Amino acid sequence: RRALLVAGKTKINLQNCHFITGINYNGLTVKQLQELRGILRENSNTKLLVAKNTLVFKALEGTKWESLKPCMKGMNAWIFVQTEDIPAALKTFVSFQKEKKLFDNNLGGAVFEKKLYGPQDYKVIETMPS
Amino acid sequence: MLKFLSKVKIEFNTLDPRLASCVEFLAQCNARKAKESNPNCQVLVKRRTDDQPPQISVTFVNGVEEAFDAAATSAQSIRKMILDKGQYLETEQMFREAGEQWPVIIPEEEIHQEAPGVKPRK
Amino acid sequence: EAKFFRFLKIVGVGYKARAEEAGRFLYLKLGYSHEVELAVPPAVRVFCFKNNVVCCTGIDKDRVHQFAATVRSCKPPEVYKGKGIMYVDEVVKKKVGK
Amino acid sequence: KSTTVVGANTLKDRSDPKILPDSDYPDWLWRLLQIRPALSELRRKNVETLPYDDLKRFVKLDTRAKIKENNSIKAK
Amino acid sequence: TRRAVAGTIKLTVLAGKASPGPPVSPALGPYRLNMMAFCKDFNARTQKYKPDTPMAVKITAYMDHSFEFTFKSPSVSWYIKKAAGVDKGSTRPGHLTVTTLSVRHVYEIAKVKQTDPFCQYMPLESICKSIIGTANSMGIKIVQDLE
């Protein structure tokens with residue numbers, strides 16, 4: 001029944017999703033975590049969701065978001081970008097690391113147009129605008 | 001956790017499906033409890049694009065370096081043998097600091113010698 | 001080669017520990033009129049350091065652990081001030097002496 | 001007696017605000033008093049044909065019920 | 001920054017009148033905490049408001065005798081028993097109703113209770129239902145409109 005929640009939450013999360021990534025949420029306080037979730041929802045259009053690794057992928061199986069399966073280890077927060085404006089969605093977390101000084105919490109792996117880009121790779125996609 | 005170590009250098013390819021031990025070790029050693037036991041320690045992360053296997057290579061306080069097979073062993077196993085080797089190096093230390101020769105050595109035939117029970121006497 | 005180690009702590013004013021002959025004999029001062037002498041068994045050796053700390057080494061785990069238990073049983077820790085012989089990592093829970 | 005909110009505003013320049021007419025108010029404000037579904041209703045329904053918010057309320061209420069049950073059996 | 005938090009104490013002081021002895025006495029004297037800089041920084045903050053506002057402060061005590069405290073606007077209990085009626089809650093709440101309030105005072109307090117430093121992303125419906133919960137805790141009755 002608690003998996004039905006995660007199935008529904010990611011079903012609503014993937015209705016307009018263009019981009020899935022992860023954030024290592026080691027050491028983040030509850031106030032910091034809620035602040036990042038709120039920053040991502042008004043300055044951008046992206047919904048953040050902490051869930052099991054095994055549930056999210058099972059709701060990403062037989063789907064467009066199918067090959068992410070290796071990058072589903074560790075304490076992860078899933079950042080379903082439901083807009084098209086990927087550059088602002090990636091810039092606001094860079095602003096978050098710069099302002100709040102949290103360099104242990106990084107963006108690990110992403111899926112865009114069914115391609116798993118490394119964090120080396122989806123940085124020029126933050127550099128380019130529209 | 002960090003009371004025998006002076007550098008935790010962890011490197012892994014980000015995409016490879018055996019990153020679980022490395023990222024879990026990063027979870028263990030970057031904790032609030034861990035860095036209040038050794039603020040002088042260094043935790044180094046090297047994210048790389050090539051396909052070397054994940055490798056946790058720690059070095060201890062007395063310069064001893066002992067690498068690990070990160071792609072094949074869990075982070076709790078890494079932590080357990082780090083605790084064992086660090087305790088052994090600490091035992092060897094106050095041994096050398098007090099004038100005792102290290103390692104302490106005994107002949108390997110006193111096991112077959114009979115040992116009567118130790119009765120404390122005046 | 002001695003693989004197994006167990007470390008004892010001596011707590012108390014005037015309490016002392018002293019090894020004599022290459023680790024084959026241990027002598028304790030536990031507030032009595034005499035010293036308490038323990039003959040260290042074969043494949044076990046004993047050392048004393050500058051923290052009032054006893055060390056028990058050897059190649060047999062059973063004999064080393066048992067000898068450390070014997071040394072602790074010479075003067076087990078008392079509950080009111082923590083004096084006596086205890087393991088280094090042992091936690092003693094005190095109570096209020098009225 | 002029902003024209004201003006008493007002591008709401010605390011700024012020294014400002015004063016207590018006034019109750020606006022029912023056009024400046026949001027639509028949810030007169031839906032606050034409704035009876036949200038309870039745990040007895042949701043436990044006797046079908047879980048798969050529940051809405052999303054009804055499922056969310058069901059899981060939080062079941063977690064609260066079981067946590068209070070644990071506290072009750074573990075209490076003394 | 002790096003300090004292991006020694007303690008965290010909450011504290012109630014009326015607005016601007018922080019003379020450190022009756023409320024700011026043993027409360028900060030128990031944990032070695034300094035009084036002068038805390039009081040000057042507090043009264044340098046709650047000067048914009050009317051005096052005698054029972055404002056609540058959470059002090060994050062430390063080991064280097066340093067302060068990073070957060071000042072919070074007063075409780076919704078005071079906001080509801082000042083904007084509704086008597087200053088005495090029920091003896092048996094939910095059995096003995098004391099004062100009744102409709103929805104609009106609740107809406108205005110929810111507008112006030114969003115201005116806290118850590119509630120920027122909380123929505124007003126959430127705070128409104130929370131205020132109905134606090135009202136039900138006190139015996140205060142809630143209605144649609146009083147006439």
Side-chain angles (χ1 to χ4, degrees), chain A residues 22-28 52-54 68-76 102-109 116 118-120, chain B residues 1-96 102-104, chain C residues 1-7 59 61 89:
Chain A
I23 287 185
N24 173 229
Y25 72 113
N26 296 115
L28 299 171
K52 289 190 153 162
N53 293 325
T54 54
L68 188 49
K69 183 178 179 180
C71 288
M72 299 185 84
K73 301 294 187 293
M75 289 175 68
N76 276 124
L102 299 165
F103 297 97
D104 298 332
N105 309 96
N106 283 319
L107 287 164
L116 282 72
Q120 182 185 359
Chain B
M1 172 92 184
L2 287 173
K3 55 167 304 193
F4 313 114
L5 268 50
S6 304
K7 164 217 305 184
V8 187
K9 183 178 179 180
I10 306 167
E11 63 182 3
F12 58 92
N13 188 223
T14 302
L15 278 299
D16 171 81
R18 308 165 282 162
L19 74 165
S21 304
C22 275
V23 305
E24 180 60 30
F25 205 60
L26 279 174
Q28 304 297 98
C29 72
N30 297 346
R32 179 188 54 77
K33 259 189 205 167
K35 287 191 286 186
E36 62 88 20
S37 70
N38 200 1
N40 302 115
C41 194
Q42 319 300 306
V43 169
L44 191 150
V45 184
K46 195 257 187 176
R47 292 177 176 87
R48 49 179 171 80
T49 316
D50 52 349
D51 289 345
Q52 282 172 347
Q55 287 178 356
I56 295 151
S57 62
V58 306
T59 195
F60 286 83
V61 285
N62 295 111
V64 187
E65 198 272 328
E66 203 269 331
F68 296 99
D69 55 355
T73 56
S74 63
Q76 49 183 352
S77 74
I78 301 301
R79 183 167 182 165
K80 190 257 289 182
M81 49 196 164
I82 284 172
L83 281 184
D84 279 17
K85 182 151 195 165
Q87 278 199 331
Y88 183 81
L89 288 184
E90 190 186 7
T91 296
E92 183 195 328
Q93 186 58 253
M94 63 181 177
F95 286 153
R96 288 174 183 173
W102 175 254
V104 62
Chain C
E1 168 60 33
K3 186 64 70 178
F4 303 109
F5 303 93
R6 176 73 71 175
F7 301 98
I59 58 178
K61 181 170 177 181
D89 47 312

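Naming convention: chains lettered A, B, ... in sequence-line order (proteins, then strands); numbering from 1 in each chain.
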Table please: side-chain donor-acceptor pairs of residues 70-86 of chain B below 3.5 Å, with sequence neighbours left out.
residue	atom	partner	partner atom	Å
B:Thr73	OG1	B:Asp69	O	2.7
B:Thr73	OG1	B:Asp69	OD1	3.3
B:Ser77	OG	B:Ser74	N	3.4
B:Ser77	OG	B:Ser74	O	2.5

task = Could you go through the side chain to side chain contact (heavy atoms under 4.5 Å, CB included) check for A:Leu28 and A:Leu102 one step at a time?
result = CA-CA 8 Å; A:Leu28 299 171; A:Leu102 299 165; 3.6 Å; yes
Specify the closest pair of heavy atoms between [X] and [Y], including all atoms of both residues, with the distance to one decimal.
{"X": "B:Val45", "Y": "B:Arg47", "value": "CG1-NH1, 3.7 Å"}
{"X": "B:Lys35", "Y": "B:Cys29", "value": "CG-O, 4.3 Å"}
{"X": "A:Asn26", "Y": "B:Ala27", "value": "ND2-CB, 3.5 Å"}
{"X": "B:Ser57", "Y": "B:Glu65", "value": "CB-OE2, 3.3 Å"}
{"X": "B:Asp16", "Y": "B:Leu19", "value": "O-CD2, 3.2 Å"}
{"X": "B:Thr14", "Y": "A:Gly109", "value": "CG2-N, 4.4 Å"}

Quick one: [atom1] on [X] to [atom2] on [Y], what's the gap to the nearest 0.5 Å?
{"X": "B:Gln55", "Y": "B:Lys9", "atom1": "CD", "atom2": "NZ", "answer": "9.5 Å"}
{"X": "B:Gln87", "Y": "B:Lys3", "atom1": "CD", "atom2": "NZ", "answer": "7.0 Å"}
{"X": "B:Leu26", "Y": "A:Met75", "atom1": "CG", "atom2": "CE", "answer": "12.5 Å"}
{"X": "B:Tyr88", "Y": "B:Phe4", "atom1": "OH", "atom2": "CZ", "answer": "14.5 Å"}
{"X": "B:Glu90", "Y": "B:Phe60", "atom1": "CD", "atom2": "CZ", "answer": "11.5 Å"}

inquiry  = Within the 4.5 Å heavy-atom criterion, are A:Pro119 and A:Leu107 side-chain neighbours or not?
reply    =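 A:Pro119 vs A:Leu107: side chains apart.
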request  = Decide yes or no for B:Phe12 and B:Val23: does some side-chain heavy atom of the first lie under 4.5 Å from some side-chain heavy atom of the second?
outcome  = yes
Is it the case that the side chain of [X] and the backbone of [Y] share a donor-acceptor pair, with hydrogens and angles ignored and the cut-off at 3.5 Å?
{"X": "B:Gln42", "Y": "B:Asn40", "value": "yes"}
{"X": "A:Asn76", "Y": "A:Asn24", "value": "no"}
{"X": "B:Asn62", "Y": "B:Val64", "value": "no"}
{"X": "B:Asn13", "Y": "B:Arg48", "value": "yes"}
{"X": "B:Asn38", "Y": "B:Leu5", "value": "yes"}

message = B:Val43 vs A:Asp104, test: side chain to side chain contact (heavy atoms under 4.5 Å, CB included). Steps then yes/no.
response = CA-CA 10 Å; B:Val43 169; A:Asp104 298 332; over 6 Å; no
Set of residues satisfying side chain to side chain donor-acceptor pair (under 3.5 Å) with respect to A:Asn106, sequence neighbours excluded = A:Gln97
message = How about NZ on A:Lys73, more than 12 heavy atoms from neighbouring residues, nucleotides or ligands closer than 6.0 Å, or not?
response = yes
inquiry  = Surrounding NZ of B:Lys46 (heavy atoms of other residues, nucleotides or ligands, distance under 6.0 Å), is the total greater than 12?
reply    =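 Check passes, neighbour count above 12.
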request  = Decide, yes or no, whether a salt bridge links B:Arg96 with B:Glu92 under the criterion of side-chain N to carboxylate O below 4.0 Å.
outcome  = yes
query = What's the verdict on side chain to side chain contact (heavy atoms under 4.5 Å, CB included) for B:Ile10 and B:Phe25, showing C-alpha distance, side-chain angles and the deciding distance?
reply = CA-CA 9 Å; B:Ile10 306 167; B:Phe25 205 60; 3.6 Å; yes
message = Checking B:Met1 against B:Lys33 for the side chain to side chain contact (heavy atoms under 4.5 Å, CB included) test, could you report, in this order, the C-alpha distance in whole Å, the side-chain angles of both residues, the deciding distance, and whether it holds?
response = CA-CA 9 Å; B:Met1 172 92 184; B:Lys33 259 189 205 167; over 6 Å; no
